[PDB]
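Single chain ahead, written as structure tokens, the form deposited in one PDB entry.
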């Protein structure tokens, strides 16, 4: 019943199947890293991400006089076995917390079904996988075997608090925006969280508040999983399409531009900053991408490789994109079905909706200002649980989000840096 059927320990011996040393397709060289497959199509790599981007392999913090306002560096974070063990257990607990909600179960199901499209063939009559949507797993005999996967949770790069989805691109294809999808690498840490303010006028002001309440890391991970869902279905909105914020004087004086992809992901009132005209534009655009996929599938008459049959892979994608199949076995995109899936991935799976399911306090808008970063430890059940997060039932932390109150539940938070007033 649990999402992760094995309570992995970082030191568990490698078996070459779900506990193994692997290498990722970063078009470069790297020493194998120990990884854990926590669920079908989902892996966790308890390492700082110095792999997805060649220019971001240095965890060393530049001079203190060259540090931005909201950022946090510590080259030693996640370098020891105990830290990696705690990282693995923390990420696992958050997946269980997310999976324990109906919304989380829906999202994770969509993610597992969202296999990156097999669009690596240059011949229309053949269906082929794209190598960058796989990892190379070292087998018991020392040889490498290519395994397709949808999601990888990895530690952050140099800036510890810069969580985000990273994925390998294609020479000609925009995989996260052409309906294809690509394996998503989420830079994330369950060992830190961020403070926010309970009053909207304070939370959205760069000069006020110290970060009284702590964001539940399950919401933070869910946010990235939402992006991952968009990217896996190839419907992420080009980051160049932004809302030149004009609803917050502080954002304006700084000329802050927020991508529509972020507003969509947060949901709630934020999503309304994307006007109906633009909303319809994107819906049509991605509908067209799904149509291109149906056409590509229909042209494929043979499969490349010996991993799966063509009929199986066609069914995989029929299910992923909810395509319609006629007598001849030809695929087509049904407008109704597309709109429904598109809406599920973009309007149902949102940060604001997850807040409702977790019953936690959270920022009310993405258009606010960070207050502080705290060190936390959610592994001990006396600190955080799958079902209550920090707001432990039958304790003084159960009511009024007292568990998230960093002043009341001070033993669970250590402020590492204040951001207020630095902007």
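Residue numbers count along the first chain shown, from 1. So that the term is clear: the rigid core is the largest set of C-alpha atoms that superpose within 1.5 Å between two forms.
The same protein has a further form, the form deposited in another entry, not shown here; the description that follows concerns it.
- With the rigid core superposed, which of 274, 303, 129, 333 has its C-alpha shift by 2 Å or more between the shown form and the other one? Once the cores are aligned, the residue moving by 2 Å or more is 333.
C-alpha of residue 380 off by 2 Å or more between the shown form and the other one on rigid core: No, the C-alpha position differs by under 2 Å between the shown form and the other one.
Can a Cα shift of no less than 2 Å be assigned to residue 58 between the shown form and the other one, given superposition on the rigid core? Result for residue 58: no, shift under 2 Å.
Residue 67 C-alpha moves between the shown form and the other one by 2 Å or more, core aligned | Yes: residue 67 shifts by at least 2 Å between the shown form and the other one.
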